[PDB]
Amino acid sequence: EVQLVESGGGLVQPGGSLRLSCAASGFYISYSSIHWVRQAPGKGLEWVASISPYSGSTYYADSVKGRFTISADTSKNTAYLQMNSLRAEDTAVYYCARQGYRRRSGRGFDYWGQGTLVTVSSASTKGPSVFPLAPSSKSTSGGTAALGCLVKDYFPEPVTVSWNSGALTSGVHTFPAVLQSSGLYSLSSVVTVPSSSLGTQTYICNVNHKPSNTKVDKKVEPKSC
Amino acid sequence: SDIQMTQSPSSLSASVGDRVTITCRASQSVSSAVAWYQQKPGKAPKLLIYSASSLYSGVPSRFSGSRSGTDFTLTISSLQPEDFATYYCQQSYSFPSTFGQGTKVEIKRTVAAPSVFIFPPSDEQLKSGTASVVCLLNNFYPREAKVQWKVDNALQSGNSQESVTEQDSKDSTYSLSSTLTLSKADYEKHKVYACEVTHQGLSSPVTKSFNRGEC
RNA sequence: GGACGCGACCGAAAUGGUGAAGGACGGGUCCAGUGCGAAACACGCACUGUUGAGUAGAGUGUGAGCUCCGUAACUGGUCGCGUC
Ligand SMILES: OC[C@H]1O[C@@](CO)(O[C@H]2O[C@H](CO)[C@@H](O)[C@H](O)[C@H]2O)[C@@H](O)[C@@H]1O
Ligand SMILES: Cc1nc(Cc2cc(F)c(O)c(F)c2)c(O)n1C
Ligand SMILES: [K+]
Ligand SMILES: [Mg+2]
């Protein structure tokens, strides 16, 4: 019954502003403390801000003090995080959390939203170039052959990858994106397949990058040699 | 002064059914205002324990917490498959709140050698001025692995990046990509591109290579 | 000896004024901690604490007691005097 949905995330340039929303359902925020907590990719949870019930008192981590303002609108049963003068290092998934009822959960945060990704960068939005990783003319490694797709130079996160429109799932490994020195992301998605069917089977990677209105389908074939 | 929560170990490999303990050490008194959370990849944290030792409603009793002064422990009495995840302590005694840096709990299994594959850059990419060469290490265990690049036998350094999957849901193996980036010009100056893989499961290090012109 | 009456001295419930005492005379208020109220602070309640707090009060009590100066009911004691 109890749920939190955060929204408003996206790409902003350093110095820019962004307002996040945390829409509650199944409870009324007025009876609870509400918190924002963030997690930069590959890093730990970092407490950002909170607002206390009844008094409206607000608290902030030093890292965001003076730039961020947390608020609560009871009419929309929604909390907000207003972020000004954003910096590269503010990049993270932003979660809002309910601090639970004292008698039942002490000061534990008992419910969390799914999170919303905030990207702060000077880099411009850009869809990926997709390149084949061709199955080798050679025989085998580990019993099979391997092929895939290189999804290079997109921004910002995320991109999704599937194979044969979701029909091919076994043996698929899609790697976590890596931020390149260019400040663009890149990743590969690979799959292992029988080596004997490389000519008569079709393998297509479906790459979707919503922020740039880019969706590409690349057929991956053995190279001409 | 801000309160520190020093968490250890930062990672741990265990078998299903094992008893594990994760510790967080506060740098000042936090009374008993310590909570523990579980986080799976791509998901929000979930509350397990509050006030140091109280089990959050609906959380299985194999999870327990204890306080010894300013040291706090989360114990899983007997790990089940779904318990593999990252765990975080949090002090909320005073503002600002502090989180421990986390403990990743991963599943042990038998050693598995990587299957190795190398991929030359496509012609399409080349005609755009950059060459990406990819080395794939597939379905191995444990995580620890060494991948180095050689071009015409010269050891590369600083021009490759690695990425690794989360432990696989079925076989508990890892897969890893290493990507060597070169300008088109540098790439065309050389012939032999090799990646060399060292791993506990291999009888001896494995080299996968191609010659630039030939495929 | 006794009783009644008058008066004086003493005592005295009660009352006005006075000036010292701080937590072992209290209450109030504040402060701290803990728990609770859908509640970390602010607000309210409960519990705990004076090796927590001014006897210049920082009180819409400086309230009770006392120190010290008066008024004083009397069912009080004593002495004198008048009378029986
Ligand atoms: O606000 C910084 C503060 O948060 C902690 C956790 O309480 O660290 C978090 O934020 C850091 C980013 O500055 C991350 O590097 C770290 O992984 C994350 O847990 C504290 O350690 C830090 O003082
Ligand atoms: C300074 C001040 N103290 C109090 C009361 C008080 C002080 C103590 F020290 C105690 O022990 C005690 F029981 C009561 C006030 O009302 N004010 C204004
Ligand atoms: K007093
Ligand atoms: Mg209070």
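Order of the sequence lines fixes the chain letters, A, B, ..., with proteins taken first and strands second; residue numbering starts at 1 for each chain. When reading the values below, keep in mind they use all heavy atoms of this one structure, side chains included, and skip hydrogens, waters and symmetry mates.
B:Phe95 comes within contact range of at least one nucleobase, with a heavy-atom separation under 4.0 Å. Across all strands, A:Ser32 comes closer than 4.0 Å to no nucleic acid atom at all (heavy-atom distances). Note on A:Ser30: nothing from the nucleic acid sits closer than 4.0 angstrom, heavy atoms only.
For C:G26 and C:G49, the P atoms lie 14 Å apart once the distance is rounded to whole Å. Rounded to whole Å, the separation between the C1' atoms of C:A20 and C:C45 comes to 39 Å. If you take atom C1' in C:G61 and the same atom in C:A32, they sit 26 Å apart, rounded to whole Å. Taking atom P on both nucleotides, C:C9 is separated from C:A73 by 13 Å, rounded to a whole Å. Distance check on atom P: C:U18 versus C:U75 gives 33 Å, rounded to whole Å. Only the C1' atoms considered, C:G76 is 40 Å distant from C:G23, to the nearest whole Å. Comparing C:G7 with C:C68, their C1' atoms are spaced 30 Å from each other, to the whole Å. Going from the P atom of C:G80 to that of C:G16 covers 39 Å, rounded to whole Å.
A negative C1'-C2'-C3'-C4' torsion places the sugar of C:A56 in the south, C2'-endo-side range. The torsion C1'-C2'-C3'-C4' is the criterion here, and for C:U55 it is negative, giving a south pucker. A negative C1'-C2'-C3'-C4' dihedral is found for the sugar of C:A38, placing it in the south range. Nucleotide C:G52 carries a north-puckered sugar, as indicated by a positive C1'-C2'-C3'-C4' torsion. Regarding nucleotide C:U50, the torsion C1'-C2'-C3'-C4' is less than zero, so its sugar is described as south.
Between B:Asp18 and B:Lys108 no salt bridge is recorded (no basic side-chain N to carboxylate O distance below 4.0 Å). Salt bridge present: B:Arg62 and B:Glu82 bring a charged side-chain N and a carboxylate O closer than 4.0 Å.
The neighbouring residues C:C66 and C:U67 form a stacked base step, their six-membered rings being less than 5.5 angstrom apart at the centres and less than 30 degrees apart in plane orientation. For the consecutive nucleotides C:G23 and C:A24, the six-membered rings of the bases fall outside the stacking limits of 5.5 Å between centres and 30° between planes. With the rule of ring centres under 5.5 Å apart and planes tilted under 30°, the neighbouring bases C:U51 and C:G52 are not scored as stacked. For the pair C:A58 and C:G59, the rule of 5.5 Å between ring centres and 30° between base planes classifies them as not stacked.
Running 5' to 3' along RNA chain C, contacts with non-hydrogen atoms of chain A at under 4.0 Å begin and end at C:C36 to C:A42.
At a cut-off of 3.5 Å, with distance as the only test, no side-chain donor of B:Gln101 or B:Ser10 sits close to an acceptor on the other residue. Using modelled atom types and a 3.5 Å distance limit, the side chains of B:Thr98 and B:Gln91 yield a donor-acceptor pair. When only modelled atom types and interatomic distance are considered, B:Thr173 and B:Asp168 share no side-chain donor-acceptor pair under 3.5 Å. Looking at B:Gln125 and A:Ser129, their side chains never bring a donor and an acceptor atom within 3.5 Å of each other. In the model, B:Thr23 has a side-chain atom that pairs as donor or acceptor with a side-chain atom of B:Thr73 under 3.5 Å. With 3.5 Å as the limit, one finds no donor-acceptor pair spanning the side chains of B:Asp71 and B:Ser68.
Glycosidic conformation at C:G59 (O4'-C1'-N9-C4 for purines, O4'-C1'-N1-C2 for pyrimidines): syn, within 90° of 0. Glycosidic conformation of C:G54: syn, with the torsion inside 90° of 0. Base orientation for C:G35: anti, the chi torsion being more than 90° from 0.
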Next item on the list: Report the C-alpha separation of A:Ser63 and A:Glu46 in whole Å, then their side-chain angles, then the decisive distance to 0.1 Å, and conclude whether the side chain to side chain donor-acceptor pair (under 3.5 Å) test is met.
Entry: CA-CA 10 Å; A:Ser63 60; A:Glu46 179 183 15; 3.1 Å; yes

Next item on the list: Give the dot-bracket string for RNA chain C, reading 5' to 3', where a pair is Watson-Crick or G-U wobble with both distances under 3.5 Å, ( ) marks pairs inside the strand, [ ] marks pairs crossing earlier ones, | marks a partner on another strand, and . marks unpaired.
Entry: .((((((((((..((((.(.....(...(((((((((.....)))))))..)).........)..).))))..).)))))))))

